[PDB]
Amino acid sequence: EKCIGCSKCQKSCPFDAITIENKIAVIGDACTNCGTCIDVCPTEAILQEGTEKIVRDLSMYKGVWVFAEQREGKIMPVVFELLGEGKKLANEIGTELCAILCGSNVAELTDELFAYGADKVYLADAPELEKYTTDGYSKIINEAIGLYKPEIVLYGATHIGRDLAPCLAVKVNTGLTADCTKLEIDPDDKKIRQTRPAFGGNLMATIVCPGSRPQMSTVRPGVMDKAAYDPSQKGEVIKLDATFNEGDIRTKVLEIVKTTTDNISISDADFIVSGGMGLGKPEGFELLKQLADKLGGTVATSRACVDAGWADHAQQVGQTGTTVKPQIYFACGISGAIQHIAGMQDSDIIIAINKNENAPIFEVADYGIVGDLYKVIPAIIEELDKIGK
Amino acid sequence: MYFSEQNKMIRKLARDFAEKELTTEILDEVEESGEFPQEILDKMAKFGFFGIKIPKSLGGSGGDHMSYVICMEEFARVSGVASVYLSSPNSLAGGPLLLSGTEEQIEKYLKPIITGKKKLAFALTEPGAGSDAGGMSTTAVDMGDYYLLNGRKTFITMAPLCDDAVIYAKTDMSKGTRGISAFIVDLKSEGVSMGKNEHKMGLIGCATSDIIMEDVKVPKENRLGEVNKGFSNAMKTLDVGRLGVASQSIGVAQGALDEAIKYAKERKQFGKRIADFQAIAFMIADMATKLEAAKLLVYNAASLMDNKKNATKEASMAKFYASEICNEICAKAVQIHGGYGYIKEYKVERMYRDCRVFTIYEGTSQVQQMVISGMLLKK
Amino acid sequence: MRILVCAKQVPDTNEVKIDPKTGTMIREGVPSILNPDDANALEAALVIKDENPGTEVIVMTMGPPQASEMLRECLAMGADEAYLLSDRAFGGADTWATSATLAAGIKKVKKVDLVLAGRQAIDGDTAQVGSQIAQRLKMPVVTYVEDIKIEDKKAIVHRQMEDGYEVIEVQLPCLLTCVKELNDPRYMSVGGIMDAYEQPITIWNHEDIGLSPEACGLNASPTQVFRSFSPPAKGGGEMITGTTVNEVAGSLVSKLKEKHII
Ligand SMILES: Cc1cc2nc3c(=O)[nH]c(=O)nc-3n(C[C@H](O)[C@H](O)[C@H](O)COP(=O)(O)OP(=O)(O)OC[C@H]3O[C@@H](n4cnc5c(N)ncnc54)[C@H](O)[C@@H]3O)c2cc1C
Ligand SMILES: Cc1cc2nc3c(=O)[nH]c(=O)nc-3n(C[C@H](O)[C@H](O)[C@H](O)COP(=O)(O)OP(=O)(O)OC[C@H]3O[C@@H](n4cnc5c(N)ncnc54)[C@H](O)[C@@H]3O)c2cc1C
Ligand SMILES: Cc1cc2nc3c(=O)[nH]c(=O)nc-3n(C[C@H](O)[C@H](O)[C@H](O)COP(=O)(O)OP(=O)(O)OC[C@H]3O[C@@H](n4cnc5c(N)ncnc54)[C@H](O)[C@@H]3O)c2cc1C
Ligand code: SF4
Ligand code: SF4
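Residue numbers (the deposited numbering), protein chains in the order written: chain A, 8 to 396; chain C, 1 to 379; chain B, 1 to 262.
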């Protein structure tokens, strides 16, 4: 009774509050019988409870929600994938596929995101959301939780979502997974089987959140694919408030920069196009330079070219050269001496392009193609952009 | 032996460092241009590798001998010349200062070389005096306000890069081994002149020449300890130095072996890989067991030094056995590499050349055997 | 000033790549290193110490007593005070519990002006714990830090974006997770190690930090790992065929997309 209202015991509670439904220690739906507030009150206030947890349900509402990255008010292609197999996600358990969008004066993307497959779409046209901010959408999406509480909340593994997601999870006291690979729904227990690679990609794990509503997960860009666009089904554009405060967003942006990173080390790269004496002329690297550019990696060389004068030693790979462990390697016109194969054996996948089929490189080639690279290489770039990288 | 948990950390440090800062690109440039990059030396002193066994009482690092051997090994593995630039202030320059030096001399001389501002050469060998350092011919005369010296020193490591050099001259020409004093000489002084840099087989990056002394006057205030003690000074420095040379023997050894099993795993000839032919695998074994056997030899020597028992025999064994089986190892590693181990691009050839002095300098293997047998046969 | 850095000891994921063709790759004795991005964060704080004198750095962690040694490394680099969190209940917890006990372990020290962490740790690959500690403590959070420079009372920073970066101003106190692109962490010193092993480490428990005895670690864990399996190898190095020069490319690129990041 004599709670003296000391206010010292506010933040040690694990959900930070329960305080101000007009008052501190006016608690309710989040006491987890933790035992932090046992003695921290000067006069031993509330003292008999604690072996009870919160498992009180009605915890099953719907909601399959896709966030829309809106770079400069434009849907980022990542959302077309997240709407691709996320609509699949919504269908198996049975629920609408809701979407949230937060921008400044976004008007046409409403119809775009409606057309690409989403049933329902939420919108926040407040010029205060012109740029990206972790508290703005934090508070703005946290606002959409108490009112339209969903069950599934998806995100993009892009640098925007991978910052929004953990911050949003801690306040709602739910569970989250990292950049995920593929998902499903266990048909009888309604929950989501989240799968992702961890341990640098050496141990896959299906992490699940049983006592957590909603279920959220940043999903990797490129794993799913696009859905059908422009059925122009409907829309139910719903409103949220965008009720900003007098300094309720401490992150403030000075400048945004867009660089063109052209310097990149053969050791740091994630994709490599290597060329050997199968070029004949030093000018071949332009071709491979074209190849490397659609992928975002560098050109490497073998000794034959260096000792011929077509390249510098910084580029060479093998026992005398430098060792590479990319995510992809292009073995173009290289005999295949162990003096080379030694320094790339652990490339996650090796693709070979040689004229003569009796070249050793096809021993570790994951995929092989026989021919002249000057014809094969350009055709590879053709079908490359034709799907959308 | 058994490693103290701090020494395991130091092992980690010297590993990441020596591996990271001594790149192929650099080491190749050191062989071509016999000049080690001052920037790297500064970088080393900044984390104290120049001050391993000297205690914080004098502004050192407070490590034990095992930490000096650990750093010596892990550096020398990656590059020989690096080790040379490492042992000098730790053992050969900082030894006699640490023993027979007054507090003033240590304030003005030792701390500079621990921080990498000054460089100090240990100069004992003469053209007439090699193994028989007692048969010196450099003279030192007492004039009252200064000492006057007249002689010549061959094979003086780092000397053209050095600012002062501890030089051993004969004071009492009649006493011989009993009549040698040790002096600190500013190499910039009068009379002092340097010979040509010697073209050596390996360990290229560190210059090595003669120190010529022509009526050079040295003040009395720059003499090492007592008069006619110089010889015992140099011996008791030479024990920890020999521990150094065995230390680098074991370093480059473990390295050339690591390159050995690497090439033998990767190369294929008859469909099998090299390492699955019995001759090779057994050869690898043989090299490995000697190397370990004797790692245990030298580790043991250094631990004795750390617990203050005389290590004069144990160190001599360490230098002898370590350097010799190092050469055997280096060669065998060439032979595993086959033809390719004869081209300079394959690191094993630089090792093979480096590891050869190890049985000569710091006292030959013969001088080592003389010390050891002479210690076991006295009756 | 007081700068607290959250460093985690982790298994070296670089070397542990190989496994038997009949084996779930959990090895016998794997080396435990300081998570690289944490090394970057600690370096940032060490440069603030290098520039602003008299600024003491507090490094904290949660895990087993084996993590103690990594803390020593941190101290040999130049850190001031080390703190470890270990308990029978702490182990086997998700990012929510881990962040909760971490921030709670922060709350009981000399109030810090700046808190630093890493983008993510190579063993869980979650990149969540830092931001959850930040917002759980009602602070600003700025991840992907590429260049950090504090202007004597508030922070202006770079945010590494996929195509660039965002210069951002933030009021202290705050938490910002670091990334390896921004600095070259310094080595230890031979003297740093010796002085590091003598400085004592203060170790707390679930009954020491004034926390939940009942609901930490595995007990209060919203996310729980269920399946733990390996990813399959492909093996078949069978070529791509075709009639036409372009016909081959199609099958190459299409197979290259299906079950791939393309
Ligand atoms: C000490 C030493 C160290 C060495 N270290 C290395 C090292 O680290 N790395 C290294 O790579 N090498 C190294 N070498 C050399 C190595 O052994 C080979 O000589 C080298 O790999 C040959 O170059 P290449 O691999 O491109 O094959 P090459 O034989 O030079 O290339 C010819 C191949 O390309 C094919 N080809 C020709 N024209 C075309 C075309 N138009 N389209 C497609 N295919 C075509 C040919 O059919 C053949 O398969 C070293 C050699 C020595 C002596
Ligand atoms: C200066 C020089 C000049 C040369 N001139 C010529 C020349 O004019 N003409 C020419 O044709 N060649 C020449 N060569 C090449 C040289 O003769 C061959 O390289 C030599 O036969 C060794 O070849 P390799 O290094 O490839 O052997 P590798 O097979 O690469 O070496 C394998 C190593 O393991 C051992 N080994 C190999 N197979 C087995 C096995 N089954 N079981 C156990 N151990 C095994 C070998 O002893 C060797 O040490 C020259 C080489 C040099 C260095
Ligand atoms: C295979 C696997 C999958 C997992 N999947 C999930 C999942 O989907 N969801 C989930 O919630 N949990 C998951 N976990 C558990 C989660 O990893 C633990 O909470 C773990 O202790 C934290 O690792 P992390 O990957 O989240 O760290 P990260 O979030 O990657 O680390 C970010 C930063 O947190 C700081 N940090 C974290 N822990 C400590 C600490 N103890 N001491 C100091 N600094 C620290 C570091 O500075 C680091 O830079 C998984 C664990 C495993 C092994
Ligand atoms: S702790 Fe006891 S006193 Fe302090 S607020 Fe909560 S109830 Fe009121
Ligand atoms: S125990 Fe229940 S009430 Fe006391 S803090 Fe933890 S949650 Fe809030």
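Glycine included, each C-beta is placed from N, C-alpha and C at the ideal position.
- Residue environment for residue 71 of chain A: buried (at least 16 other C-beta atoms within 10 angstroms of its C-beta).
- Residue pairing by DSSP places residue 171 of chain B opposite B:154 in a beta bridge.
- Closer than 7 Å to some heavy atom of ligand 3: that does not describe the Cβ of residue 352 of chain A.
- In the structure shown, residue 232 of chain B adopts coil according to DSSP, grouped into three states.
- Chain B has a Cβ within less than 8 Å of the Cβ of residue 166 of chain A.
- Cβ atoms of residue 35 of chain A and residue 57 of chain A stay farther apart than 8 Å, at about 16 Å.
- Under the three-state reduction of DSSP output, residue 341 of chain C falls in the helix class.
- 69, 72, 73 and 76: these are the residues of the stretch 61–90 of chain B whose beta carbon lies less than 8 Å from some beta carbon of chain C, given in chain order.
- Taken residue by residue, none of the stretch 5–22 of chain C has a beta-carbon sitting less than 9 Å from a beta-carbon on chain A.
- Listed along chain C are 266, 267 and 268, each with a C-beta nearer than 8 Å to that of residue 345 of chain A.
- Here the alpha carbon of residue 69 of chain A sits roughly 12 Å from the alpha carbon of residue 152 of chain A.
- For residue 121 of chain C, the shortest separation between its Cβ and any heavy atom of ligand 1 does not lie below 7 Å.
- Residue 226 of chain B places its beta carbon less than 8 Å from that of residue 215 of chain A.
- With respect to the C-alpha of residue 181 of chain C, the residue from C:201, C:357 and C:137 having the closest C-alpha is C:137.
- Here the alpha carbons of residue 107 of chain C and residue 183 of chain C stand approximately 16 Å from one another.
- Using a CB distance cut-off of 8 Å, residue 140 of chain B counts as an interface residue toward chain A.
- DSSP places residue 300 of chain C inside the alpha helix (DSSP H), whose first and last residues are 278–306.
- When the five nearest sequence neighbours on each side are left out, the beta carbons in the same chain lying within less than 8 Å of the beta carbon of residue 372 of chain C are those of 313, 316, 317 and 320, in order along the chain.
- Within a 10 Å sphere around the beta-carbon of residue 337 of chain C sit 16 or more other beta-carbons, which makes this residue buried.
- Taking each of C:246, C:377 and C:133 in turn and checking the Cα distance to residue 322 of chain C, the smallest one comes out for C:246.
- Chain C places a beta carbon closer than 8 Å to that of residue 349 of chain A, counting this residue as a contact.
- The beta carbon of residue 362 of chain A sits closer than 6 Å to those of 379, all from its chain and outside the five residues before and after it, given in chain order.
- When Cβ-Cβ separations below 8 Å define contact, residue 79 of chain C makes no contact with chain B.
- For chain B, the residues of the stretch 48–73 of chain C that bring a beta carbon within less than 9 Å of one of its beta carbons are 48, 49, 51, 52, 56, 60, 61, 62, 63, 67 and 71, in chain order.
- Taking the C-beta atoms as reference points, residue 164 of chain A is found nearer than 8 Å to residue 225 of chain A.
- At least one C-beta of chain C is nearer than 8 Å to the C-beta of residue 197 of chain B.
- In the DSSP assignment, residue 57 of chain B falls within the beta strand (DSSP E) that extends over 56–62.
- Look at residue 187 of chain C here: in three-state DSSP terms it is coil, with no helix or strand label.
- The alpha-carbon separation between residue 227 of chain A and residue 162 of chain A amounts to approximately 9 Å.
- Using a Cβ-Cβ cut-off of 8 Å, residue 327 of chain A counts as an interface residue toward chain C, since at least one Cβ of chain C sits closer than that to its own.
- Residue 206 of chain C and residue 81 of chain C do touch by the CB rule: their CB atoms are close to 5 Å apart, below 8 Å.
- A contact between stretches requires three or more CB pairs, one per stretch, nearer than 8 Å, and the stretch 163–177 of chain B meets this requirement with the stretch 122–134 of chain B.
- Taking residue 73 of chain B as reference, the option from B:256, B:191, B:239 and B:253 with the minimal CA-CA separation is B:191.
- Residue 96 of chain C counts as buried, since at least 16 other C-beta atoms from the protein chains shown sit within 10 angstroms of its C-beta.
- Between the alpha carbons of residue 102 of chain C and residue 201 of chain C lies a gap of roughly 39 Å.
- The beta carbon of residue 393 of chain A is closer than 6 Å to none in its chain, skipping five residues each way along the sequence.
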